[PDB]
Amino acid sequence: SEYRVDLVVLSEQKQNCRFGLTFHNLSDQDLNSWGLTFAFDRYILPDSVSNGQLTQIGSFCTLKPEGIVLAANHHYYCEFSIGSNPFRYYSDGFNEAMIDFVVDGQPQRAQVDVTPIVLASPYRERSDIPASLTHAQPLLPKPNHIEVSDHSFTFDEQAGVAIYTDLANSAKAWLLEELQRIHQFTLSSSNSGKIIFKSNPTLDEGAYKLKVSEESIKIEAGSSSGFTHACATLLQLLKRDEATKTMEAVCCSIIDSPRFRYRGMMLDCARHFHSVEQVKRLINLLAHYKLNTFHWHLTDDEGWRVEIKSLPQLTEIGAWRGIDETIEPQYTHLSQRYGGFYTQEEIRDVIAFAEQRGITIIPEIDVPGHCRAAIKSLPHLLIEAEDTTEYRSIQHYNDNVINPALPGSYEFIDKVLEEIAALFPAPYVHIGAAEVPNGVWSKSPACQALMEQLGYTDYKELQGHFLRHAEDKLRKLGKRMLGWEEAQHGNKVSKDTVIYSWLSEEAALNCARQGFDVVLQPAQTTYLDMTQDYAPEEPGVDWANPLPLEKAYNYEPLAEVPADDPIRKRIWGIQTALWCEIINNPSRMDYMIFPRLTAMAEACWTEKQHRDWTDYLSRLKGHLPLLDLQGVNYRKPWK
């Protein structure tokens, strides 16, 4: 509280915002050779800074004042501008701030209090959730066919679990595990049990049958995944009485199968590191809503989270950022050394944990862009001293793109991919393949040489060169390559590369028609980092737009496509993603993920005909006490 910085919006016009920064020395003694540092997500226009010199590396901004001295009880004021529509949220302000100064002959540092930004144009409107009845069967996702009867089945801890297929072993263990964890309710193996797992080979992958009778529960499935799905439904269907030590399930016949094969969630671990325990906790939660894929975003500009034993610098340098680290801090934790990584022993532990819930893990290694952390960890391999090329990434980096003319770039990727491929049993690896900043490599001697050797005229074609290498390496390693939206354009990758389409549904279907299998993860409606309401106090970002629960539920993928259309074979399925630029703890993560995850699950699992916003809300209301028992800090829809 000695130091405070106030940010105020001064003017908002077409694609321009001007700000007033006022720094207050509230200490009793002067500041000499002082400098201000803060975290800001927007590109500050350098020609707009009015009283100082501002440097910006990603989110990390340092403002050097004009004068060497600011007196005690005095204020320093500086203006800047950005290219932006009006700020709507307080999170659009500075996340954190600090100062550096010299007391006598020694350098010092102090945290600065960041006042919430004074917004000019917050939203007046608010998303409204209607009052809702509690549905008796609070099932998310809603099964594609369920029929109910008046009678119900009551059973105690000695009902016994009978299993007549080795296919149901995994799912059975998980059911018993969760019943213990959540409800403290212990079930045991019994050849003569009332709860029965039975094989039915006529049922397709993921499909199951759940019949509850007055004195038994019978589960039927053709696959291990089907049995898990049935167990997820069962966990939601059960009601426990506290006065007794019993469980109840309404009599019903459930016949159910997944609408899409791929049903995914992606967690950004590069921007902020989340613990193994947090990842495990989330993975288990994903299985409750019958998702089958966890996409682990392990690498980006702001962190490298996966141990590569042959290149230990990637974790030793690249898993940490800070003032005293090589990599500058980003977003939060400006004052300390921030970071973390997953060891390969831990990663194997998470893989096996995921496997027990039917979750496949897909790893992502980002090239050629989004590679700042790698580059700073391996300057000897990855930097070209001679290259003077001036570029800027969409995330305000000028030094974060891999060089396809350096042999060390190929050494690095080959070693990383070898160790990732060996470590991750899923036959897939995601490579990023985001479009590089325009102009990149254009003044690189090594690239200019490679361009003449290759016979290319445009430096953008070097992305394909590097990416075709990565695809072939992965092929020899037994893996199919996955990439983001922009990989499809130019000739960069084969038609074997699975494209994760974020742009739009029509662009995705356009990609399918070119021969690529595609995953649907549109930014307009699947990005859980988006704010959940128009209130300025809501945490999140809104660059795509706000994503209130209703907009999330309205997402009906392939609604206009006919059922007999052959393009449906190109559609692997759907993913929802949590980017973590401003999400650095479990509590916030839960708040942003839930409840919208349940709407995303229903989009991947349930057919549009059984989808209904009113019905969904009743089922969600009935589901909330189960999330309460688990201590999930979801955003309360009824306030």
# chains A, B, ... in the order shown; residues from 1 in each chain; ligands from 1
>>> residues_around(residues="residue 482 in chain A", least_positions_apart="3", cutoff="10 Å", atoms="only C-alpha atoms", output="JSON, numbers by chain")
{"A": [362, 363, 364, 428, 429, 430, 431, 432, 433, 471, 479, 487, 493, 496, 497, 498, 499, 500, 517, 518, 519]}
>>> select_by_dssp(residues="range 17-139 of chain A", states="helix (DSSP H, G or I)", output="number ranges by chain")
A: 46-48, 90-92
>>> write_last_selection(atoms="N, CA, C and O atoms", output="PDB file, in the first residue's frame")
ATOM      1  N   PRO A  46       3.369   2.365 -29.501  1.00  0.00           N
ATOM      2  CA  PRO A  46       4.602   3.067 -29.044  1.00  0.00           C
ATOM      3  C   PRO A  46       4.620   4.580 -29.303  1.00  0.00           C
ATOM      4  O   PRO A  46       5.103   5.358 -28.475  1.00  0.00           O
ATOM      5  N   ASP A  47       4.088   4.967 -30.455  1.00  0.00           N
ATOM      6  CA  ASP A  47       3.871   6.375 -30.812  1.00  0.00           C
ATOM      7  C   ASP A  47       2.840   7.120 -29.935  1.00  0.00           C
ATOM      8  O   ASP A  47       2.681   8.334 -30.087  1.00  0.00           O
ATOM      9  N   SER A  48       2.156   6.402 -29.036  1.00  0.00           N
ATOM     10  CA  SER A  48       1.121   6.965 -28.172  1.00  0.00           C
ATOM     11  C   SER A  48       1.586   7.275 -26.753  1.00  0.00           C
ATOM     12  O   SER A  48       0.900   8.014 -26.051  1.00  0.00           O
ATOM     13  N   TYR A  90     -13.312  -5.297 -15.749  1.00  0.00           N
ATOM     14  CA  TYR A  90     -12.218  -4.841 -14.892  1.00  0.00           C
ATOM     15  C   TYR A  90     -10.937  -5.653 -15.111  1.00  0.00           C
ATOM     16  O   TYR A  90      -9.832  -5.140 -14.917  1.00  0.00           O
ATOM     17  N   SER A  91     -11.080  -6.903 -15.545  1.00  0.00           N
ATOM     18  CA  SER A  91      -9.927  -7.746 -15.865  1.00  0.00           C
ATOM     19  C   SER A  91      -9.106  -7.220 -17.058  1.00  0.00           C
ATOM     20  O   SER A  91      -7.919  -7.519 -17.165  1.00  0.00           O
ATOM     21  N   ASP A  92      -9.731  -6.426 -17.929  1.00  0.00           N
ATOM     22  CA  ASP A  92      -9.014  -5.735 -19.014  1.00  0.00           C
ATOM     23  C   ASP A  92      -7.974  -4.722 -18.508  1.00  0.00           C
ATOM     24  O   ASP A  92      -7.085  -4.333 -19.271  1.00  0.00           O
TER      25      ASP A  92
END
>>> closest_residue(among="A:62, A:152, A:81, A:330", to="residue 251 in chain A", atoms="only C-alpha atoms")
A:152
>>> residues_around(residues="range 368-381 of chain A", least_positions_apart="3", cutoff="10 Å", atoms="only C-alpha atoms", output="VMD selection string")
chain A and resid 270 299 to 305 311 to 321 326 to 328 365 384 to 385 393 395 397 to 404 406 to 413 431 to 437 462 to 464 466 to 467
>>> write_last_selection(atoms="C-alpha atoms", output="PDB file, in the first residue's frame")
ATOM      1  CA  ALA A 270       1.717 -23.247 -20.655  1.00  0.00           C
ATOM      2  CA  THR A 299       3.974 -25.612 -24.590  1.00  0.00           C
ATOM      3  CA  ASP A 300       3.753 -21.946 -25.610  1.00  0.00           C
ATOM      4  CA  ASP A 301       5.567 -18.587 -25.444  1.00  0.00           C
ATOM      5  CA  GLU A 302       5.072 -18.275 -21.662  1.00  0.00           C
ATOM      6  CA  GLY A 303       6.083 -21.796 -20.535  1.00  0.00           C
ATOM      7  CA  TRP A 304       7.319 -25.297 -21.382  1.00  0.00           C
ATOM      8  CA  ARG A 305       5.705 -27.903 -19.078  1.00  0.00           C
ATOM      9  CA  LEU A 311      17.020 -31.506 -23.477  1.00  0.00           C
ATOM     10  CA  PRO A 312      16.733 -30.745 -19.741  1.00  0.00           C
ATOM     11  CA  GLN A 313      17.091 -26.961 -20.358  1.00  0.00           C
ATOM     12  CA  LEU A 314      13.482 -26.926 -21.657  1.00  0.00           C
ATOM     13  CA  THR A 315      12.257 -27.597 -18.079  1.00  0.00           C
ATOM     14  CA  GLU A 316      15.201 -26.054 -16.159  1.00  0.00           C
ATOM     15  CA  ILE A 317      14.949 -22.721 -18.010  1.00  0.00           C
ATOM     16  CA  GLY A 318      11.668 -22.973 -19.953  1.00  0.00           C
ATOM     17  CA  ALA A 319       9.353 -24.129 -17.135  1.00  0.00           C
ATOM     18  CA  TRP A 320      10.136 -20.919 -15.153  1.00  0.00           C
ATOM     19  CA  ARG A 321       9.703 -17.208 -15.732  1.00  0.00           C
ATOM     20  CA  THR A 326      15.769 -15.883 -18.475  1.00  0.00           C
ATOM     21  CA  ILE A 327      12.121 -15.651 -19.557  1.00  0.00           C
ATOM     22  CA  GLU A 328      10.335 -12.461 -18.441  1.00  0.00           C
ATOM     23  CA  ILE A 365       4.074 -29.287 -29.000  1.00  0.00           C
ATOM     24  CA  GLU A 384      20.605 -17.193 -35.358  1.00  0.00           C
ATOM     25  CA  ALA A 385      22.865 -14.324 -34.276  1.00  0.00           C
ATOM     26  CA  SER A 393       3.403 -11.897 -33.029  1.00  0.00           C
ATOM     27  CA  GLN A 395       0.899 -11.883 -28.577  1.00  0.00           C
ATOM     28  CA  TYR A 397       6.660 -11.070 -29.168  1.00  0.00           C
ATOM     29  CA  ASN A 398       9.469 -10.293 -31.642  1.00  0.00           C
ATOM     30  CA  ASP A 399      11.775 -13.228 -30.801  1.00  0.00           C
ATOM     31  CA  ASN A 400       9.563 -16.355 -30.488  1.00  0.00           C
ATOM     32  CA  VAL A 401       9.488 -18.087 -33.900  1.00  0.00           C
ATOM     33  CA  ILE A 402      11.671 -21.118 -34.709  1.00  0.00           C
ATOM     34  CA  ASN A 403      14.098 -20.842 -37.632  1.00  0.00           C
ATOM     35  CA  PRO A 404      13.690 -23.599 -40.264  1.00  0.00           C
ATOM     36  CA  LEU A 406      19.011 -23.856 -38.498  1.00  0.00           C
ATOM     37  CA  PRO A 407      19.900 -27.558 -38.130  1.00  0.00           C
ATOM     38  CA  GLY A 408      19.406 -27.193 -34.332  1.00  0.00           C
ATOM     39  CA  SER A 409      15.697 -26.471 -34.946  1.00  0.00           C
ATOM     40  CA  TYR A 410      15.393 -29.975 -36.434  1.00  0.00           C
ATOM     41  CA  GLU A 411      17.549 -31.525 -33.704  1.00  0.00           C
ATOM     42  CA  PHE A 412      15.266 -29.979 -31.077  1.00  0.00           C
ATOM     43  CA  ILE A 413      11.976 -31.005 -32.720  1.00  0.00           C
ATOM     44  CA  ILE A 431       1.965 -29.672 -33.504  1.00  0.00           C
ATOM     45  CA  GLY A 432       0.352 -26.222 -33.196  1.00  0.00           C
ATOM     46  CA  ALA A 433       1.002 -25.023 -36.760  1.00  0.00           C
ATOM     47  CA  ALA A 434      -0.501 -21.608 -36.068  1.00  0.00           C
ATOM     48  CA  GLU A 435       0.244 -19.058 -38.797  1.00  0.00           C
ATOM     49  CA  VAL A 436       3.516 -17.234 -38.154  1.00  0.00           C
ATOM     50  CA  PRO A 437       3.689 -13.426 -37.979  1.00  0.00           C
ATOM     51  CA  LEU A 462       9.138 -22.227 -44.983  1.00  0.00           C
ATOM     52  CA  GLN A 463       6.377 -23.104 -42.481  1.00  0.00           C
ATOM     53  CA  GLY A 464       5.300 -26.007 -44.669  1.00  0.00           C
ATOM     54  CA  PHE A 466       9.358 -27.341 -41.263  1.00  0.00           C
ATOM     55  CA  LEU A 467       5.886 -28.836 -40.748  1.00  0.00           C
TER      56      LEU A 467
END
>>> select_by_dssp(residues="range 298-520 of chain A", states="strand (DSSP E)", output="number ranges by chain")
A: 299-300, 303-304, 320-321, 338-339, 360-367, 428-432, 480-484, 498-501, 518-520
>>> write_last_selection(atoms="N, CA and C atoms", output="compact mmCIF listing (two decimals), in the first residue's frame")
# COMPACT_ATOMS: atom_id res chain seq x y z
N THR A 299 2.89 -26.42 -24.03
CA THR A 299 3.97 -25.61 -24.59
C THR A 299 3.42 -24.33 -25.20
N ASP A 300 4.11 -23.22 -24.98
CA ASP A 300 3.75 -21.95 -25.61
C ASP A 300 4.88 -20.92 -25.37
N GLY A 303 5.65 -20.64 -21.32
CA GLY A 303 6.08 -21.80 -20.53
C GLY A 303 6.23 -23.09 -21.32
N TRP A 304 7.13 -23.95 -20.86
CA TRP A 304 7.32 -25.30 -21.38
C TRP A 304 7.16 -26.26 -20.20
N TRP A 320 10.12 -22.00 -16.14
CA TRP A 320 10.14 -20.92 -15.15
C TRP A 320 10.28 -19.58 -15.83
N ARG A 321 9.60 -18.58 -15.27
CA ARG A 321 9.70 -17.21 -15.73
C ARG A 321 9.72 -16.29 -14.53
N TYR A 338 7.91 -17.67 -11.25
CA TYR A 338 6.69 -18.44 -11.47
C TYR A 338 6.91 -19.58 -12.47
N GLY A 339 6.37 -20.76 -12.16
CA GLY A 339 6.45 -21.86 -13.10
C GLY A 339 6.09 -23.23 -12.57
N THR A 360 -8.42 -40.54 -23.37
CA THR A 360 -7.17 -40.45 -24.09
C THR A 360 -6.58 -39.05 -23.91
N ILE A 361 -5.27 -38.98 -23.70
CA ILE A 361 -4.58 -37.72 -23.64
C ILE A 361 -3.84 -37.48 -24.95
N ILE A 362 -4.03 -36.28 -25.51
CA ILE A 362 -3.33 -35.83 -26.71
C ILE A 362 -2.38 -34.71 -26.30
N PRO A 363 -1.07 -34.87 -26.57
CA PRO A 363 -0.12 -33.82 -26.25
C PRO A 363 0.04 -32.85 -27.40
N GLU A 364 0.34 -31.60 -27.07
CA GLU A 364 0.60 -30.57 -28.07
C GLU A 364 1.99 -29.97 -27.86
N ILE A 365 2.80 -30.00 -28.93
CA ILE A 365 4.07 -29.29 -29.00
C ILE A 365 3.95 -28.24 -30.10
N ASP A 366 4.15 -26.97 -29.75
CA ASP A 366 3.93 -25.86 -30.70
C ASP A 366 5.17 -25.44 -31.48
N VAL A 367 5.07 -25.53 -32.81
CA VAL A 367 6.04 -24.99 -33.75
C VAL A 367 5.30 -24.52 -35.01
N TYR A 428 -1.68 -40.01 -31.71
CA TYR A 428 -1.76 -38.65 -32.23
C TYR A 428 -0.85 -37.70 -31.45
N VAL A 429 -0.36 -36.70 -32.16
CA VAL A 429 0.40 -35.62 -31.57
C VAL A 429 -0.04 -34.32 -32.26
N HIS A 430 -0.30 -33.29 -31.45
CA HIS A 430 -0.71 -31.97 -31.96
C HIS A 430 0.54 -31.08 -32.05
N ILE A 431 0.71 -30.39 -33.18
CA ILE A 431 1.96 -29.67 -33.50
C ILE A 431 1.85 -28.13 -33.48
N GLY A 432 0.69 -27.62 -33.06
CA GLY A 432 0.35 -26.22 -33.20
C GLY A 432 0.06 -25.85 -34.63
N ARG A 480 -0.13 -39.93 -36.10
CA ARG A 480 -0.79 -39.01 -37.02
C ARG A 480 -0.69 -37.59 -36.44
N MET A 481 -0.45 -36.61 -37.31
CA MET A 481 -0.25 -35.23 -36.86
C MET A 481 -1.57 -34.46 -36.76
N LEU A 482 -1.66 -33.59 -35.75
CA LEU A 482 -2.81 -32.70 -35.57
C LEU A 482 -2.32 -31.25 -35.59
N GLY A 483 -3.14 -30.36 -36.13
CA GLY A 483 -2.80 -28.94 -36.22
C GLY A 483 -4.01 -28.03 -36.07
N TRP A 484 -3.74 -26.76 -35.76
CA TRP A 484 -4.77 -25.73 -35.67
C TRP A 484 -5.24 -25.26 -37.05
N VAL A 498 -5.00 -33.83 -38.97
CA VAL A 498 -6.32 -33.53 -38.45
C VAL A 498 -6.31 -32.06 -38.06
N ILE A 499 -7.29 -31.32 -38.57
CA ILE A 499 -7.36 -29.88 -38.44
C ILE A 499 -8.34 -29.52 -37.34
N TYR A 500 -7.89 -28.72 -36.37
CA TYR A 500 -8.73 -28.26 -35.27
C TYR A 500 -9.24 -26.87 -35.63
N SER A 501 -10.49 -26.82 -36.09
CA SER A 501 -11.06 -25.62 -36.66
C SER A 501 -11.69 -24.73 -35.57
N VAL A 518 -11.61 -33.14 -39.55
CA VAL A 518 -11.58 -31.93 -38.71
C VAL A 518 -12.21 -32.14 -37.34
N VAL A 519 -11.72 -31.38 -36.37
CA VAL A 519 -12.34 -31.27 -35.05
C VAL A 519 -12.92 -29.86 -34.94
N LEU A 520 -14.12 -29.76 -34.38
CA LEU A 520 -14.78 -28.48 -34.23
C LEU A 520 -14.52 -27.90 -32.83
>>> closest_residue(among="A:551, A:14, A:211, A:280", to="residue 230 in chain A", atoms="only C-alpha atoms")
A:211
>>> closest_residue(among="A:290, A:274, A:309, A:635", to="residue 234 in chain A", atoms="only C-alpha atoms")
A:290
>>> closest_residue(among="A:186, A:170, A:127, A:149", to="residue 354 in chain A", atoms="only C-alpha atoms")
A:170
>>> closest_residue(among="A:359, A:178, A:528, A:42", to="residue 264 in chain A", atoms="only C-alpha atoms")
A:359
>>> residues_around(residues="residue 625 in chain A", least_positions_apart="4", cutoff="12 Å", atoms="only C-alpha atoms", output="PyMOL selection string")
chain A and resi 134+138+182-183+236+239-240+619-621+629-634+636
>>> residues_around(residues="residue 337 in chain A", least_positions_apart="6", cutoff="9 Å", atoms="only C-alpha atoms", output="ChimeraX atom specification")
/A:320-325,329
>>> atom_distance(atom1="CA of residue 536 in chain A", atom2="CA of residue 575 in chain A")
27.6 Å
>>> atom_distance(atom1="CA of residue 115 in chain A", atom2="CA of residue 340 in chain A")
29.3 Å
>>> closest_residue(among="A:615, A:177, A:166, A:542", to="residue 223 in chain A", atoms="only C-alpha atoms")
A:166
>>> atom_distance(atom1="CA of residue 455 in chain A", atom2="CA of residue 472 in chain A")
21.1 Å
>>> residues_around(residues="residue 237 in chain A", least_positions_apart="2", cutoff="10 Å", atoms="only C-alpha atoms", output="list in words")
residues 136, 137, 138, 139, 140, 231, 232, 233, 234, 235, 239, 248, 249, 250 and 623 of chain A
>>> closest_atom_pairs(of="range 293-355 of chain A", to="range 95-102 of chain A", cutoff="9 Å", atoms="only C-alpha atoms", output="tab-separated table")
residue	atom	partner	partner_atom	distance
A:331	CA	A:95	CA	6.6
A:332	CA	A:96	CA	6.5
A:333	CA	A:96	CA	7.8
A:334	CA	A:96	CA	7.1
A:335	CA	A:98	CA	7.6
>>> write_last_selection(atoms="N, CA and C atoms", output="mmCIF file, in the first residue's frame")
data_model
loop_
_atom_site.group_PDB
_atom_site.id
_atom_site.type_symbol
_atom_site.label_atom_id
_atom_site.label_comp_id
_atom_site.auth_asym_id
_atom_site.auth_seq_id
_atom_site.Cartn_x
_atom_site.Cartn_y
_atom_site.Cartn_z
ATOM 1 N N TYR A 331 1.635 -12.067 -17.309
ATOM 2 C CA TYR A 331 0.270 -12.055 -16.768
ATOM 3 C C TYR A 331 0.163 -11.808 -15.259
ATOM 4 N N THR A 332 0.741 -12.707 -14.459
ATOM 5 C CA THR A 332 0.663 -12.649 -12.996
ATOM 6 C C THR A 332 2.001 -13.053 -12.394
ATOM 7 N N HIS A 333 2.096 -12.989 -11.057
ATOM 8 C CA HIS A 333 3.298 -13.345 -10.287
ATOM 9 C C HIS A 333 4.539 -12.599 -10.782
ATOM 10 N N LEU A 334 4.404 -11.293 -10.996
ATOM 11 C CA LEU A 334 5.528 -10.473 -11.464
ATOM 12 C C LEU A 334 6.739 -10.480 -10.515
ATOM 13 N N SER A 335 6.459 -10.450 -9.210
ATOM 14 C CA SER A 335 7.482 -10.349 -8.152
ATOM 15 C C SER A 335 8.334 -11.583 -7.956
#
>>> residues_around(residues="residue 253 in chain A", least_positions_apart="4", cutoff="6 Å", atoms="only C-alpha atoms", output="PDB file with N, CA, C and O atoms, in the first residue's frame")
ATOM      1  N   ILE A 146     -34.308 -42.313 -22.819  1.00  0.00           N
ATOM      2  CA  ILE A 146     -34.590 -42.731 -21.445  1.00  0.00           C
ATOM      3  C   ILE A 146     -36.107 -42.784 -21.213  1.00  0.00           C
ATOM      4  O   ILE A 146     -36.836 -41.874 -21.608  1.00  0.00           O
ATOM      5  N   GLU A 147     -36.553 -43.863 -20.570  1.00  0.00           N
ATOM      6  CA  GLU A 147     -37.962 -44.110 -20.245  1.00  0.00           C
ATOM      7  C   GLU A 147     -38.035 -44.408 -18.752  1.00  0.00           C
ATOM      8  O   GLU A 147     -37.229 -45.188 -18.257  1.00  0.00           O
ATOM      9  N   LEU A 210     -28.733 -49.263 -19.787  1.00  0.00           N
ATOM     10  CA  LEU A 210     -28.830 -49.199 -18.336  1.00  0.00           C
ATOM     11  C   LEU A 210     -30.290 -49.424 -18.005  1.00  0.00           C
ATOM     12  O   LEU A 210     -31.134 -48.591 -18.348  1.00  0.00           O
ATOM     13  N   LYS A 211     -30.589 -50.566 -17.388  1.00  0.00           N
ATOM     14  CA  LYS A 211     -31.932 -50.859 -16.920  1.00  0.00           C
ATOM     15  C   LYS A 211     -31.936 -51.011 -15.406  1.00  0.00           C
ATOM     16  O   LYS A 211     -31.162 -51.788 -14.857  1.00  0.00           O
TER      17      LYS A 211
END
